[PDB]
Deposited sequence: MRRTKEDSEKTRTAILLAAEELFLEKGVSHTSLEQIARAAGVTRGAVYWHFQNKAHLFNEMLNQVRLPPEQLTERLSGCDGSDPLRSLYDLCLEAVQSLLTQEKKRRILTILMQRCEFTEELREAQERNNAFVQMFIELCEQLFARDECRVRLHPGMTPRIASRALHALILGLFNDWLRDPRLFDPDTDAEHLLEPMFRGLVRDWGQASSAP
């Protein structure tokens, strides 16, 4: 009953944020566009930052799935995961739309403090997982001399983030389907001995 109202609100906000930007989109405007009362929006989402965060959650992998996925070869699972993430830019319109909002249509003022904090936390976690993965004896032994797990996880994440950022800014740059393999290849070849 209410879960249908929640989705309606988030879809409306998704469209508005995407067209107008987050700053220039109010909760009143979202309510109106969703065919709903202002009170109902405030009721379900409290404030704009929390709304924005719930929206992002529709598209983020929960911690339990990440861990389970990276637990034979973990260094190949990580590659696979990254490859699929890049490839998802094409195959998942919802993901594409929401991430273009995140990286292109919003500014992290005080009013979005909560959203930034939880965004940082999510990235921090992914980085910590990779760090831990690279830090295992089985994996660490395979890194090149002077590649530490700390640097490896950060180099990798930066690459993924950059690809997302570049492509969403300008989708002519590459094809997420057929170029993803080759865009990621050098990073993994540069980190790992055999590859």
property: Deposited-sequence stretches lacking C-alpha coordinates, listed in sequence order; result: 1-6, 78-81, 206-212
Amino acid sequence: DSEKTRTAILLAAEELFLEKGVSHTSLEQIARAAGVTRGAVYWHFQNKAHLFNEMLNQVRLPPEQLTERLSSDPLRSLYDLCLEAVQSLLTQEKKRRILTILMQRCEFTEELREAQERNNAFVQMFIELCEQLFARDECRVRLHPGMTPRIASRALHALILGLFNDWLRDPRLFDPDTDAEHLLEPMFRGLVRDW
From here on, numbers count along this sequence of modelled residues.
| query | finding |
| --- | --- |
| Mean C-alpha temperature factor, higher of 167-175 and 5-13 | 5-13 |
| 39-47 versus 60-68 - which carries the larger mean C-alpha B factor in the record | 60-68 |
| Third assignment of residue 144 from its chain's C-alpha B-factors | highest |
| Third assignment of residue 153 from its chain's C-alpha B-factors | lowest |
| Third of the chain's Cα B-factor distribution that residue 118 belongs to, per the entry | middle |
| Assigned third (lowest, middle, highest) for the C-alpha B factor of residue 30 | middle |
| Residue 75, C-alpha B-factor rank within chain (lowest, middle or highest third) | highest |
